[PDB]
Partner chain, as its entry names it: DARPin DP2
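Below you will find one chain, with nothing else, as structure tokens; this is the form deposited without the partner chain, and questions on how it binds or moves follow later.
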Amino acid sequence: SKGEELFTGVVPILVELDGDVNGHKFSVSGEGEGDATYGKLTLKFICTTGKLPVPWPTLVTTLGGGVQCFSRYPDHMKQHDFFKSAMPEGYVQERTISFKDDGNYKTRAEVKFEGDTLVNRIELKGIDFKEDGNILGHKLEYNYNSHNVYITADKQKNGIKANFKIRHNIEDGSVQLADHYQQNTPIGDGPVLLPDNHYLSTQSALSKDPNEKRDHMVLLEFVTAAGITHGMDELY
């Protein structure tokens, strides 16, 4: 597509989140870069309102997985890249994140280019969370498990749909399931690529900046598209 040409090199990213989880109002500001050629995302997020009322791992898919336009789509699979095709005008990404035996997050994000910078403006609404559950009781470990984002086309809305499961490690050795339902629709009226069924192999690594005193999260994320058959092995 025409949109993929904007991702051939290193692109600066800005992430801004406005959230409310059970009446707890918070804001997150993120800065970094993405290099789609390697499916690499390098981002540092800071809670500008003080202490984050939810665990940092619960926000990774909204903060880092909000810019899936940085996924590495192998050459044989490039006609299936919806994300980049909607650029520069961008896309609206909506999610319903359901935490098993707890509450849910409803997110709406507008992802587009503001000059040569890729921006992700998010509004997060969290409801029905237990006072001392795994989320509000901060019982989730500061780590992450690799997952696959299963994508399907939504021809009616000229976009895509995605379904995936996030497994958050709890401090006692248990697992907190976070079911994700995703919908993406283009902002512009230009032609986009409607993909066949495939997935994004996503690997997230969380760390801390030793020189940072504010509540933060340093994220290194690798996203690679796969799941579509090719005849490349016959060439060898």
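Residue numbers count along the first chain shown, from 1.
Missing here is the form deposited with the partner chain bound; even so, the following discussion is about that form.
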* Asked: Is there a heavy atom of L63 no more than 4.5 Å from a heavy atom of the partner chain in the deposited complex?
  -> no
* Is the gap between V21 and the partner chain in the deposited complex 4.5 Å or less for some heavy atom pair? -> no
* 4.5 angstroms heavy atom contact with the partner chain in the deposited complex for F82 -> no
* Asked: Does the partner chain come within 4.5 Å of any heavy atom of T58 in the deposited complex?
  -> no
